[PDB]
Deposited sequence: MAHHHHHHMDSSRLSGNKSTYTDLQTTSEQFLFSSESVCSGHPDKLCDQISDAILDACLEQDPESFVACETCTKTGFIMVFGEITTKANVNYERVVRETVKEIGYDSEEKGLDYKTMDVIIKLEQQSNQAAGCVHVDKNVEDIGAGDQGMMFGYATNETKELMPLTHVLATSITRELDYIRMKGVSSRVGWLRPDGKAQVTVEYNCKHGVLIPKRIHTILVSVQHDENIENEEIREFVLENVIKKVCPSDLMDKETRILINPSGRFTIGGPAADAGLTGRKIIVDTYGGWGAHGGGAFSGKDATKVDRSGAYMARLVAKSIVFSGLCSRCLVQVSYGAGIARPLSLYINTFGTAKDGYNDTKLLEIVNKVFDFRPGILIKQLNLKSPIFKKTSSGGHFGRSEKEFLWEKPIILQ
């Protein structure tokens, strides 16, 4: 009863993640001046251009173009050879007012803005209460990004912004509890200058990234390390591959564990239950595991447009519930403590605050930042 399972992550410079980060830079800019802003900001990119498009209802006075350029600059796209230059690229803005489609309402009464379903997941595999596969892939991309962007030397002058990683873990399953046995395969592909060669890259990545973030007791002489295995990776970013907001939902969330409802997070203010419903669903799953009531947990919420109370809620603990608890009682405990009406949601999690830019690379979940109230678990019994 051993098996292999993989998750991936991407760097901040990946073209899709670049769009997520612009989308949430713009959301934060609106929120800093107008906490009641309605934002649905989508971003796309290809050679020499970025376009932001969608619907914004706000009082904020935001220089969207400036925000775009600044965000691109911080991620490090400052020349055509790297795939995009924030100085020269075209920025196209096509942002309109939210669709038009009376009675006084309290916060409890506020309807969901759309239908949909959202899931939350937690597992006792890691201290983050996230799947180890996801934690390790995301650690590798986050460290590459840190060392390139806010590092300290030309110990990394050669590293360009694009890249990805993928981690395969060998697991045992004993009574529905997942116990990592070893890291099976670690793949990293990173974009680099012309004047460095693939051997130097391997050395750097193994020693300064892989061995830095992957636990040594999970690695052995059979662990397969693949670095830039398809060859050279000097051409990257938008110049090689189009990017769009909302095309990294699994990297954003559980790395193939759990489930997903389909909704993207970035660029959306918290009245989009695709974001706020998934954030509360995480808190619930994490609370249940943190409380010792199970080892793994999946939560589904679903909503109807114009309706305040969710149409449904679902809890699955994969048979791992503690003695005397079961998914029926856990649902009853959840319904006593947690409130998924979207107005309550938003207030509980302080989701009008301009905190979203930090979530748009590195994953939304398993994060330690003090501003992410959905990662601060509640004791339940």
Where the deposited sequence has no C-alpha coordinates (positions from 1, in order): 1 to 28, 130 to 134
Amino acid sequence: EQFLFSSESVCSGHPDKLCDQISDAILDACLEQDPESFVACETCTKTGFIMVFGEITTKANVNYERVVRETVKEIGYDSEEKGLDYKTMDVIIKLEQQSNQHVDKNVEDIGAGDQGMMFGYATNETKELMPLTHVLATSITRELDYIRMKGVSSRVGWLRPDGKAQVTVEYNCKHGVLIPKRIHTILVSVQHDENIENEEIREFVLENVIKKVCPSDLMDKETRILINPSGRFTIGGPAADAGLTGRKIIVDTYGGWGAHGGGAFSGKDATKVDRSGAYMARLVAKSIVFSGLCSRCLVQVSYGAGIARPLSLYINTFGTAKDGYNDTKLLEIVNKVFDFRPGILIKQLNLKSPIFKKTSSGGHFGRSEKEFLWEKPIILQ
From here on, numbers count along this sequence of modelled residues.
Higher-B stretch (mean Cα B-factor, as the entry records it), 85 to 93 or 164 to 172: 85 to 93
Mean C-alpha temperature factor, higher of 346 to 354 and 319 to 327: 319 to 327
Among 61, 312, 43, 37 - the residue whose C-alpha B-factor is largest in the record: 61
114, 241, 104, 252, ranked by C-alpha B-factor: the highest one: 104
Relative C-alpha B-factor of residue 218, binned into the chain's lowest, middle or highest third: highest
Entry-reported Cα temperature factor of residue 269, expressed as the chain third it lands in: lowest
Position of residue 231 among the chain's modelled residues by C-alpha B-factor, lowest, middle or highest third: highest
Residue 151, C-alpha B-factor rank within chain (lowest, middle or highest third): highest
Where the record places residue 73 (Cα B-factor, split into thirds across the chain): highest
